[PDB]
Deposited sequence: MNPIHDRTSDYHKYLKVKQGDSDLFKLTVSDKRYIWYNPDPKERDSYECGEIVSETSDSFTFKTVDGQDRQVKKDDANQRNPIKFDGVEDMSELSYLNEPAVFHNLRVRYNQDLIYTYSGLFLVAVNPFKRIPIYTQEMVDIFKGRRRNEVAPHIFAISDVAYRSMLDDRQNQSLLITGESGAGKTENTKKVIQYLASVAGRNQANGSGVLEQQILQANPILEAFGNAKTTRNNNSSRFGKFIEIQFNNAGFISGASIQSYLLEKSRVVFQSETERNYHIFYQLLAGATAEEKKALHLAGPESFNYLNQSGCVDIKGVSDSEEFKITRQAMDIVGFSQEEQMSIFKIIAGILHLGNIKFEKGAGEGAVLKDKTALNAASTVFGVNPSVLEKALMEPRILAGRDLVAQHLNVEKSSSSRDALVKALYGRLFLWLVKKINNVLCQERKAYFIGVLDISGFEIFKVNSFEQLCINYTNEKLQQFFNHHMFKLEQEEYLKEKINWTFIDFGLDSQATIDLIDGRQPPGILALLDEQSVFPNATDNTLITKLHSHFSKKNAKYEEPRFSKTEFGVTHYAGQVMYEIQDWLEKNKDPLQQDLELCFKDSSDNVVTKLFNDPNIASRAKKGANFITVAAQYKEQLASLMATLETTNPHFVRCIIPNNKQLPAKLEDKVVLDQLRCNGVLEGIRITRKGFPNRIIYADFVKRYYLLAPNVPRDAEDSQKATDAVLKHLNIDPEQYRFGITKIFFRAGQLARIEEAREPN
C-alpha cells in the first residue's frame, strides 16, 4: 500500500516527505513573522519580516535588509506557523491572507507538488516538466479513496465524482478552467483516463478505445501552436462521459464551442495553423500528395506567413499516423478520410488564390491553377466557384444581380469560404464521433468542461466577450454552489452577492444588453462599427455602472467583470455576428461531388445556425443549455494555473500566479471563508496534536469533545473564537495558529 509505504513513488511525488517523529515539539520556535511588500512599487512581491516588537495597535518588524518598519495589526498579513507549511488544503491555514496563500502554494510547488485543495477547489499549477504521477499504478491508488484519505490529485476528484455518481445517483460535473497553457486539457485527458479505467469494461476495451481516440482527432483539427502553448486548444469543449446504472461507461458525447476559424487564414508570427495542415503535408504518401497537389508548407499562403512551420520535439509525420489511426478506431471510412484530407487540401488551395485588379476595379483570375486544384479536391465546378467568388449574385430588392467584387472583397470572400468549410468540417467531425460514441439511453453521466477562464488580453474582441460572458455565469454558479455547501456544513454540525448586473449588461433583453444591441444593428446591411459603438455608449455611458466609455478611444468600451475591467474593441463585430457567406458560394458547394462536402452544405444542422439567428444569439443559447445541464449535476471545480509566462519549470512568479488566483474565484473564496470559521477540525484530531498543552489530557481519549474543551479551557482561549460542532471544533481565523504557538 504505497499510501503507507514511505518509499513508494506515491510518497515521493505526491506527498510532503515525512520524517521519523511527528512530535509537536520539533516545530517549536519563538519567532513570529509577517508578510510584507519590499516596496509597494510591486505589491505581490512579499518578503518575510520578523516581528521584533509590537504595540497595542500595531507591529514593528525588521526587513530582509534589517530595516525596521511598522504595521498596523489590522493590516498585517501574519505568517502561518511552519507546521502549516505544505498543507494539502488551503482551508487548513489559520491566517488566510493572500501572501500566506501564495506561500503554501509555493512551498508545495517547490516540492513539485502541483496539486493543492482550496476548500471546494482543486488548484493545479503547471509544472512545465514531467511528473510520473499518471501511471496505471497511480490510477490504482486513488480507487475508492476519500479526498481526506489521499494526496491532492486530479485522480482524486475524479474518484470522488465517480463515487458520488454511484452513491447519490446524481449526474456529476468537473469544470476545469484557466489560462492558456495552464494544463486544462491535460487534466481533462487524465480525468477521462481515470474514468475509463475505474469504470471500463475490463477483460482487455473498444467503446473505451473509441472514446480515448476521440480527442486526438479533435486536437488535430482544433489545436495549434501559439505563443502561449504549443498545443493550444482553439475551441472549448464539454465532455459527457456516460455510464449505466451499474457504473460502467456506456458512451460519451462532445459539445464544441468557439472554434477559432480565423486561425485558418492567419496566424501571428511564431504561431502555427491547425496541426492537421502540417500533419497532412508531412505524413501524406508521396502518392497521396500528387493526388492532392500538395507541396511543402512554404508553398502555401495559409502556412507560410508566421515563420513557424514545426514544433520543438514534434513529428507532424508521426502525429499524422496517430491521427489516421484514431480515425480508424472511431470508425471513419477510408473514403471519408480521403474527403476530409481533400477538404484540408482544397482549403490550402483556396488560400493560394491570387486575385488581381487592373482591368477596372473588379477582380480577375489571370492564373487558375490554385482555383483548379481546389475545385478538383472539393469536387465542384471551377467556373461556378470563380464566379461565386468574384461575381456573386446579390439581391437588390427585387433584383438579383451579379456584382464584380474588387480584389479585397474577392479575397475576404475566399477567406469566408475557407472558414465556413473548416468550421463545418469540424462540426461534422464532432457529429460523426458522437454518432459512434453517444447513447440515447444513458443512466448517468460525468461531464468534463475544458474551457478557458476569463480572457484579458492586450486587445479584446467579440470572442473574448463571449468567453468572458461564460465565465461570469460559471463564477456565479460557483458562488451559488459555495453558498449552499457552506450552509449545509454549518447546519450538519449545528452552527450559524453581485454577478447579475454584469450578466444583464451583456445578455439583457429589456432594457437591451450589449448582445441585444449588437443583434439589432445586425439587421442593417449598412450599419458600421461606429453606428454600433455609438449605440452602445448611447445606452450605457454614465447610465450603466458596469460600463465605461473610454476617455479618448472611439472604438472601444469596457465592462466591469468579476475579474475586473476588460476593454473591448468593436471592430468587425457586425460581421462576426452575422458570419456571412455569399449565397452563390453555398450553391456552388451544394453541388459538390464529394460525399462529405455535400453534408457541410446540405445538412441544415451543419450549414446553419437556426429567420436564422445571429452568432450572439446562438452563443447565448448554447451557454444557457450548458448551464442548464450543469445545474442538474453535482459540480467539482479545478483551477489550472500557469506559474509564469515563459513555459519554464521551477519558476513560480508571485504576480503571475496571484493575478490568476484573483480572477479565478480562489482568493475571493478564501476571503469569504476566512470571515467565519475557516478551520474545522475533528475532535480526536485536535487532541491528538495538542493534548500535551493542558495538564489533563492524554493523546487518545474517548471523549474527544471534552478533551478539546479541556485544552481550550486550559489555554483560556476566547470563547467567541471557537465553535463546538457535532463532530468538529470550528475555529476562526488566527485562533489555531496561536494555539499551535502555545507551550507544552
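- Counting the deposited sequence from 1, the stretches lacking C-alpha coordinates are 1, 206 to 208, 501 to 507, 622 to 625, 760 to 761.
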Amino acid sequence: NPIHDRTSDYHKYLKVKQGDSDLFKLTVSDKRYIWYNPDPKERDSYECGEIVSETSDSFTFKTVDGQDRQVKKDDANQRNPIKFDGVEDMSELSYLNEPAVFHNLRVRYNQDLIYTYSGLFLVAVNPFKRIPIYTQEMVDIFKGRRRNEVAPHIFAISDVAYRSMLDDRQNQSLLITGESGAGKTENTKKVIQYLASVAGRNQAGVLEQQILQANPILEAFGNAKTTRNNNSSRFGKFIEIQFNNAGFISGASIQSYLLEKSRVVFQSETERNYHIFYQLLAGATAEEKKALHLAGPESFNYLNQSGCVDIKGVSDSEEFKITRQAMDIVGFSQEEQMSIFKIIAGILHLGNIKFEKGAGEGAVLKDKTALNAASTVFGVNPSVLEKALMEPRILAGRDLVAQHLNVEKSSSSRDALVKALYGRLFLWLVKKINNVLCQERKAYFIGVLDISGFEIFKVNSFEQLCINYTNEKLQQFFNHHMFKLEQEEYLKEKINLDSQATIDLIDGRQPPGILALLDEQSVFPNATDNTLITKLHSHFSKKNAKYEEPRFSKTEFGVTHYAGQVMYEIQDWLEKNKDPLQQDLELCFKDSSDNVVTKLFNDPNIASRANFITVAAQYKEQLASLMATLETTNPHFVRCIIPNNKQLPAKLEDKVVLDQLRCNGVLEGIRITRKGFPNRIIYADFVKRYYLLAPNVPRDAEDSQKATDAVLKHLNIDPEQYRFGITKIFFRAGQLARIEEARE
From here on, numbers count along this sequence of modelled residues.
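- Comparing 544 to 552 with 345 to 353, the stretch with the higher mean C-alpha B-factor in the PDB entry is 345 to 353.
- According to the PDB record, 363 to 371 carries the higher mean C-alpha B-factor of the two stretches 451 to 459 and 363 to 371.
- The PDB entry assigns its highest CA temperature factor, among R509, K442, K492, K646, to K442.
- Going by the entry's values, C308 shows the largest Cα B-factor out of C308, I446, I467, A182.
- Residue-level temperature factors show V596 in the middle third of its chain, judged at the C-alpha atom.
- Among the modelled residues of its chain, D415 has a C-alpha B-factor that falls in the middle third, as given in the PDB entry.
- In the deposited entry, the Cα temperature factor of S53 sits in the middle third of values across the chain's modelled residues.
- For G86, the recorded CA B-factor ranks within the lowest third of the chain. Only modelled residues enter the ranking.
- Annotation for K535: CA B-factor lies in the lowest third of the chain's modelled residues.
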